[PDB]
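Visitor: Quick check, what structure comes out for this input:
(chains A, B, C, D, E, F, G and H)
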Amino acid sequence: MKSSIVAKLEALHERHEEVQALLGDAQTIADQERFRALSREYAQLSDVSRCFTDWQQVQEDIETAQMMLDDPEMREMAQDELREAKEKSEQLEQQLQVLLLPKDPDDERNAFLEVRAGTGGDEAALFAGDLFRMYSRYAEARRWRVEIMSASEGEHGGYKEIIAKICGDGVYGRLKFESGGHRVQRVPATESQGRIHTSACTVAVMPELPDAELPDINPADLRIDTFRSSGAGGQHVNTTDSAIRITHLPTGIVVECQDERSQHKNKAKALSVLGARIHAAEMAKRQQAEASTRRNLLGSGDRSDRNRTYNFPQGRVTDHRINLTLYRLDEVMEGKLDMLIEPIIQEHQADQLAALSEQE
RNA sequence: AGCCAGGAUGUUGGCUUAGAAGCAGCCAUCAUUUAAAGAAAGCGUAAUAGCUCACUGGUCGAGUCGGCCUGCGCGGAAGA
RNA sequence: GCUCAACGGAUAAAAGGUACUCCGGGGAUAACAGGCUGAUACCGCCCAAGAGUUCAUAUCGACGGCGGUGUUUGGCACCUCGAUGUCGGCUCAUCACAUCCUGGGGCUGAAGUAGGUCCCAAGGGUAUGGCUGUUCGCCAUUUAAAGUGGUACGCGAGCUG
RNA sequence: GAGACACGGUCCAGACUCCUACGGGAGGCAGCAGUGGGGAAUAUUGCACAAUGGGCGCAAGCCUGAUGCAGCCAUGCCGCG
RNA sequence: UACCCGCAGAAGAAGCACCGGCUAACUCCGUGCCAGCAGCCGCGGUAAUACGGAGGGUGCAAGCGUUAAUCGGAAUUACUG
RNA sequence: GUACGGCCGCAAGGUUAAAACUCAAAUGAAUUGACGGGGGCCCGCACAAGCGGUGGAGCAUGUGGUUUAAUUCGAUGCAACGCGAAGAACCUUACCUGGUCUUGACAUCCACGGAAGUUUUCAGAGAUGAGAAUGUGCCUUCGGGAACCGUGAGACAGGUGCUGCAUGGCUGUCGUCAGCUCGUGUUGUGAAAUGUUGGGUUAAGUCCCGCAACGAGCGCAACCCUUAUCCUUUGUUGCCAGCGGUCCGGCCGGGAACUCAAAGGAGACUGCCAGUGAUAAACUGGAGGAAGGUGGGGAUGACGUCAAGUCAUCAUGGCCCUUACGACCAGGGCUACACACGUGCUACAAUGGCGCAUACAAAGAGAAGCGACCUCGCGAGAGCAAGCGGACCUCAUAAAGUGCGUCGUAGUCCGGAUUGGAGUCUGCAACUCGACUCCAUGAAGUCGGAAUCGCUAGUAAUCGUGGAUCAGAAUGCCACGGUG
RNA sequence: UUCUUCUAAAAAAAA
RNA sequence: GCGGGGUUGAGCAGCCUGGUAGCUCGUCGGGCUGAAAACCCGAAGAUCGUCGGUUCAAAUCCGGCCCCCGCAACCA
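Guide: Numbers count the residues shown, from 1 in each chain, chains lettered A, B, ... in the order given. Take a look at the structure below.
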């Protein structure tokens, strides 16, 4: 919302002033660690605050211009000044958008988009198909490639769950805000009595994490131990050690092998099992982390968990995280997501700056 | 080889950095005062800075420096 | 006229078990232990890209290189098959230093306390229990410390089974 | 002791609190206020024996946190503004 | 002390719950199955007399609502029944 | 009727018998509908018997999807898909990109200055910026009076923006199916029932009889339009039976009979007869009659159903924009194209193609219009040009048919798609994106899978003609006749 | 002779 | 160490004596149903695990390799 963003920018301006004063004080540089972050804070804050201050002057200029138009018969000059002011206001807002554009390297990474049906059943499945088409057309518009990793089709059409990988530039940055539940208010195709039914769908956007690497076991890291094997076998089994226990000291994993009579074969088998166990532990840790992140991002599937609502009879799209209602639903359905995505990016960056200001 | 003095300049070279000045790092590494002085070899700072220093002059006034073909030696060299 | 193919062809005609075994031999030939060697094992050293905010060498050290010991698993079959008893435990030890503690010292990314690493030094000391036949290992609680090894992986004409 | 197996009487054992010269002692608010604690929650460490009543005394009189009052609380009932 | 007489001045003295039906008392604006209400039936999903605020109204009044607990309604342990 | 506990049993288990938690209901009988792969009776191209198609091919048109700056919006089972659109070059146009305006393109009111009106001039794609000639139609205490412009301020205008799930009006649909109700009375505590059911009958809840029902209303039939027969009035621009003439042409004197043109009337009502039937309603058959039981066709659509369709015909409550979601102009888009579907046109051929000769229509339209005749062009058409506001003149010679000739089962003398060259007409302007003509070119197609549609008589099938829309632009739509 | 299934939001009056 | 295997998206035939790729389920487009299944019609698909070698020609033949499935890894 415009009022909310202007309010945040004002608070940032106050923060910027406080940072300049704190920098001037020299107590922070004595601290050193405090000054370094504060100086970065100032760097990011100064450009946006300067732009905002200029915008503030422009808004004041518009108020005075309207007043000038009403009384001294200076209406013609005021109308031109006001018109110029409007042009300036629009240009400053585009500049603000540029200043608040995300600079994070992580944002550029490609992403996996999973759309799953929630409440509504086949209806929700159809909406999932609509959402997938929406995002696909948006990706196509911005020159991205969509690969359908997995698909589970609905009975009456649509997809019960479709997982796709989108590869491009700035995919994660552009699409991170879509995650969460999405509510669709419409008259279902499956319906025969013309009733309107509120249904919900859960979307998860996950960034493509760096490719898994299996590090080769380091000899110094391993602590091989040779000991006598248990069981039958006579003099040879008693004198020859024939059993190897390798403990990986960083991960604290112990593998014991006494199968073959040869120590070399026992050691080889133990090394293989140890490598598999480390690879399994890493893989499991990744799955647990991936599952937890997905679990948090995805909603419960109920109508209550929402981040966007699409009302089809009245053609209205509403964003719940930051207030914004748009009476469209056709342009947005046919790609053109930028109008919705951008205010969220700008607000998120402002929130991030505020969080950075508050970190101690 | 010691001793004494210097080793300034444009400019804090250009970047990017929250700072980058010789030093986190990427490219040049030019030019002047010309008895020489380095877009600087490092220490060092939180960056500058400060110190040693690549090079220039008196001093004592006889050799000095590191490569080649070779003989013989030193360390590397710890067990019941 | 024979895939008599085990191809100078034992017959035209034939598979297994022995820990219930047994005889004649071989250390001509294996398992234990000893011997030679050292691939493998363990411990060092040479060059220094890099980790260490800057800085290779405080501490580590990639890609590669050269050794020492006999020390794990081996390679060979030189000793023994007209008998060289073998894993672990108990009792009793003795030696080496590549030192676990105490002693002396250099550097430290050593403020102090407490540490890291290396050099010198074997005079003395170097746990008790739970689990398993266990060596090894994990765990509980101490200790200045709970060393690594050699001695037929010491020791059954001393004990166990 | 007429009446107790006796709240402010005796003895023993147990838990707790306090004094100690370490040998040994003292105590029991479920009396009136009152303090920590528990709980959603419940009051003042007040005045007087002037009246009623109890104990002693021949009586005057003394004692009575019983009792009569006062302080806090809209806790309830009733009346008025 | 109760009580009585005189002095100045309308000053020093009104709040709580509810209004879709049960249940007496209705409209407007913000929000769009969100925030929320609720003792039961049940409201709210961008025209809410049911949420929140305002105006108006209804019931009580130094009190007003909510909660806990018992009986009634419950002839829903019935002897009456 | 489960867990735990007790008792019984060889076991399966039996018997006695809770609690926590959860919901504001669970249940019984009966009533009105709806449904049954329940029963009985009846109807409709619903099935059966046939004819011709669609799905296969090319093209026209509409939709979904996709592409795009936009491919404008709406409809989407029957009841959307040759649908709104009864006609997209600009216009329409609501969409896109640019160039422009802010009391405005379109209304009312106020103030000021000009009558309006008229031709030209440069810049710009144009929208609108600049520039010269003209004038006065109204009354007169003639500071004024009507329109029609320009400037300023406002109240206001403006919206094909959203909500048909807030609506009016209008329409589809079950379905022209025969049903849907009410007043009073009665039965049941009551929702309800009866009437409206039953026996016959009908196309029909049409009619009769019976009957706790008696009546009434909206509907199912009739009254309305058209067609079929006859009579009276009227005979021109319509007709020619009898005559007189003819350039042989109803053409000209004429004639009012006939076709035909309208106006009025007659006629078809189970009216008559026989049989069946309940002495009824009614049904079957024939006599006359052009027509027999509703003679054929149409208009006519009950209470209601689908929150069906339309806020984009219009009107309208509320929400949204007011230097723009309003307004003007040029150019583009609605005509895009890997694909899928709906409705058609032309075909795959001999019941035919081509060439010549020849016969018979109906119903319409026409003044910014239909346009004879003659001349030119192979042709679409062009020039001159009478007649006609139309029973007169024009569109306009109907085609299939018939007679003759050729083709001889072939991707063909079938079929015309596609493409190149040259033109005509409309319109400021045929590139995207019109219709038609000439020459050349001659794809697929040899009767079509699963499936599916229309039709019971002048119907299906087939062949042409006209009209609305319209400056031009139909294979669609609405009518008309020929064979059948 | 066989012939299964259709989730999840509606609104209806008060002499 | 030894036998067998790798074939359209999945499970599997046939690799035959080296010139030649098949089935079921699945997939795509129509049809039925008001709609989704089931059903009907018409289609499509592979560099036969990897790399060298002998042929005119290798999925087939040879050799090496990777993965999968069995068998064995015993006397001390």
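Visitor: And the residue lying closest to residue A:77 once chain neighbours are set aside, its phi and psi?
Guide: Leaving aside its sequence neighbours, residue A:77 sits nearest to residue A:68 (Cβ to Cβ, 6 or more residues apart in numbering; 7.5 Å). Every residue, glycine included, has its C-beta placed from N, CA and C. For residue A:68, the backbone dihedrals are phi -60, psi -40 (criterion: degrees, to the nearest 10).
Visitor: Residue A:68: neighbouring residues, count only.
Guide: 17 (other Cβ atoms under 10 Å).
Visitor: can you pull out the helices in the stretch 1-150 of chain A?
Guide: Ranges of helices within the stretch 1-150 of chain A are A:2-25, A:27-31, A:33-70, A:75-99, A:122-141, based on DSSP state H, counting those that start in this stretch.
Visitor: tell me which residues in the shortest one are buried?
Guide: Neighbour counts over helix A:27-31 (16 or more other Cβ atoms under 10 Å) mark residue A:28 as buried.
Visitor: what's the answer for stretch A:179-196, then?
Guide: By 16+ other Cβ under 10 Å, the buried positions in stretch A:179-196 come out as A:179, A:180, A:181, A:182, A:183, A:184, A:185, A:186, A:188.
Visitor: Tell me the one among these nearest to residue A:220.
Guide: The nearest member of the buried residues of stretch A:179-196 to residue A:220, counting by Cβ to Cβ, is residue A:179 at 43.3 Å.
Visitor: Spatially nearest residue to residue A:214 (excluding sequence neighbours)?
Guide: Nearest non-adjacent residue to residue A:214 (Cβ to Cβ, 6+ apart): residue A:279, at 5.5 Å.
Visitor: Correction: the previous question concerned residue A:194.
Guide: Closest residue to residue A:194 apart from its sequence neighbours, by Cβ to Cβ, 6+ apart: residue A:187 at 6.1 Å.
Visitor: Would you tell me which residues of the stretch 1-150 of chain A are close to RNA strand G?
Guide: Listed as neighbours of RNA strand G in the stretch 1-150 of chain A under the rule Cβ under 7 Å from any atom of the strand: A:119, A:120, A:121, A:122, A:123.
Visitor: count of neighbours near the second one?
Guide: Burial measure for residue A:120: 23 neighbouring residues, criterion other Cβ under 10 Å.
Visitor: so which strand or helix has the residue in the stretch 51-200 of chain A positioned nearest to RNA strand F?
Guide: Residue of the stretch 51-200 of chain A nearest RNA strand F, by Cβ to the nearest atom of the strand: residue A:194 (3.1 Å). Under the criterion DSSP states H and E, no helix or strand holds residue A:194.
Visitor: do you know how far it is from residue A:184?
Guide: According to Cβ to Cβ, to the nearest Å, residue A:194 stands 17 Å off from residue A:184.
Visitor: still on that earlier bit, switch the buried residues of stretch A:179-196 over to TSV; also include secondary structure.
Guide: Formatted as TSV, these follow (DSSP: H, G, I helix; E, B strand; the rest coil):
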residue	secondary structure
A:179	coil
A:180	strand
A:181	strand
A:182	strand
A:183	strand
A:184	strand
A:185	strand
A:186	strand
A:188	coil
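Visitor: ok, and of these, which contact RNA strand G?
Guide: A:185, A:188.
Visitor: Nearest to residue A:268, out of the buried residues of stretch A:179-196: which one, please.
Guide: Closest approach between these and residue A:268, by Cβ to Cβ: residue A:179, at 46.1 Å.
Visitor: my read: the closest one touches residue A:201, true?
Guide: No. At 11.8 Å, residue A:179 does not count as touching residue A:201 under the criterion of Cβ atoms under 8 Å.
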